[PDB]
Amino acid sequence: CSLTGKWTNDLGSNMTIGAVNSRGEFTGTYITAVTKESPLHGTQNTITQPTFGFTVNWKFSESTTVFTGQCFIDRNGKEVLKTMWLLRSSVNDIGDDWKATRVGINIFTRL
């Protein structure tokens, strides 16, 4: 169960994760189906079914999304990425901060 490869989630978004170095660091591109491509950066815990997390630095909005989850192996043997994300929006005054963070899930399978 390694994050490298092409992934697709329930919303139809695509994700491509490059190589994961010894420290667990990886890069990739994120193709969002709902709102376009944007780079992503994250690391995977090193110490089989590891936990991971990455940031998606969007290039068509001021927002930032972070994903985190675990690489599982289904009963049938397929790799499944079960993750949750926080989508931070850009507010002007810090008084509007209470409404800036959304939350949700995404399930990825090998594209």
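Position 1 is the first residue in the sequence shown; the rest follow in order.
(message) According to the entry, how many residues of the deposited sequence fall between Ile47 and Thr48 and are not modelled? Options: none, 1 to 3, 4 to 9, 10 or more.
(response) 1 to 3 residues lack coordinates between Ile47 and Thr48.
(message) I want to verify a possible break: how many residues of the deposited sequence sit between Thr35 and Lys36 without any coordinates (none, 1 to 3, 4 to 9, 10 or more)?
(response) Missing residues, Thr35 to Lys36: 4 to 9.
(request) Averaging the C-alpha B factors as listed in the entry, name the stretch that ends up higher: 38 to 46 or 76 to 84. (result) Taking the mean B-factor of the alpha carbons in each, 76 to 84 is higher.
(request) Comparing against every modelled residue in the chain, figure out the third that the C-alpha B-factor of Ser90 lands in (lowest, middle or highest). (result) Tercile = highest for this residue's CA B-factor.
(request) Sorting the chain's modelled residues by C-alpha B-factor, tell me whether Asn57 ends up in the lowest, middle or highest third. (result) Its C-alpha B-factor belongs to the middle third of this chain's values.
(request) Going by the recorded CA B-factors, say which third of the chain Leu111 sits in, lowest, middle or highest. (result) Answer is highest: the recorded C-alpha B-factor places it there.
(message) Among the modelled residues of this chain, does the Cα B factor of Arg102 put it in the lowest, middle or highest third?
(response) Within its chain, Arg102 is a lowest-third residue by C-alpha B-factor, going by the deposited values.
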